[PDB]
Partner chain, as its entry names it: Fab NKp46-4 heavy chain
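Just one chain follows, in the form deposited without the partner chain, and it is written as structure tokens.
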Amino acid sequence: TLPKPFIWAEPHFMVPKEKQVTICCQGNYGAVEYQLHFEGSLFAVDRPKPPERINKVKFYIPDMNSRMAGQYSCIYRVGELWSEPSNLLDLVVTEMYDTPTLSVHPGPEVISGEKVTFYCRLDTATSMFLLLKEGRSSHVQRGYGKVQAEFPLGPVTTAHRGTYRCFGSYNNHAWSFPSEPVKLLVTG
């Protein structure tokens, strides 16, 4: 019938407080109404006009705050029928309260083969920490620990090069400021 919609965040799902993010929803060409839902509520509506050559709509967020951090989904309509919900997208708010420290073992310059571990520390937060690697091989890892979490990389390759920052969290959707960055240099 109607293909499952797909949503994603731009530039990504990690949104500094007071900053802006957009959520795209892909439905289907000719779809006449798109709704963005946030945790059981209607967040926003788009009505493509003309709809024939449109299969994606953009939902804007001007002013990120803690109350907009949570789970979103999108549905769309062609005729009278609504699609199934999209994948469920989590937005988080960052730049929240305190700043964590990030350290690296054995050090920020290594040769391929050396085992590298990052440690994130933050004093008055939950047990959940996040390690963010920036750039092209850019991704977020979640770890747990009391006041400090470890993030073992194992034996590194050149693939591990990059700039790391870490976050603490006050809840699963509300994160600290990012740590000062650590740039991991890997030879060989």
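Take the two forms, superpose them, and find the largest set of C-alpha atoms that agree within 1.5 Å; that set is the rigid core. Numbering follows the first chain given and starts at 1.
Below, we refer to the form deposited with the partner chain bound, which is not included among the displayed structures.
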Verify the contact flag for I111: yes if a non-hydrogen atom of it lies within 4.5 Å of a non-hydrogen atom of the partner chain in the entry with it bound, no if not. no
Examine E33 and determine whether its closest non-hydrogen atom to the partner chain in the entry with it bound is within 4.5 angstroms. yes
Is there a heavy atom of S86 lying 4.5 Å or less from a heavy atom of the partner chain in the entry with it bound? no
If you check in the entry with it bound, is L42 within 4.5 Å of the partner chain, heavy atoms only? yes
From the list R161, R142, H37, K58, which entry has a heavy atom within 4.5 Å of the partner chain in the entry with it bound? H37
In sequence order, the residues of 77 to 103 that place a heavy atom within 4.5 Å of the partner chain in the entry with it bound are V78, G79, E80, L81, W82
Identify which of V156, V140, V147, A44 has its C-alpha displaced by 2 Å or more between the shown form and the other one once the rigid core is superposed. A44
Comparing between the shown form and the other one on the rigid core: C-alpha of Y34 shifted by 2 Å or more? yes
Determine, after fitting the two forms on their core, whether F59 shows a C-alpha shift of 2 Å or more between the shown form and the other one. yes
After fitting the rigid core, is the C-alpha of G113 off by 2 Å or more between the shown form and the other one? no
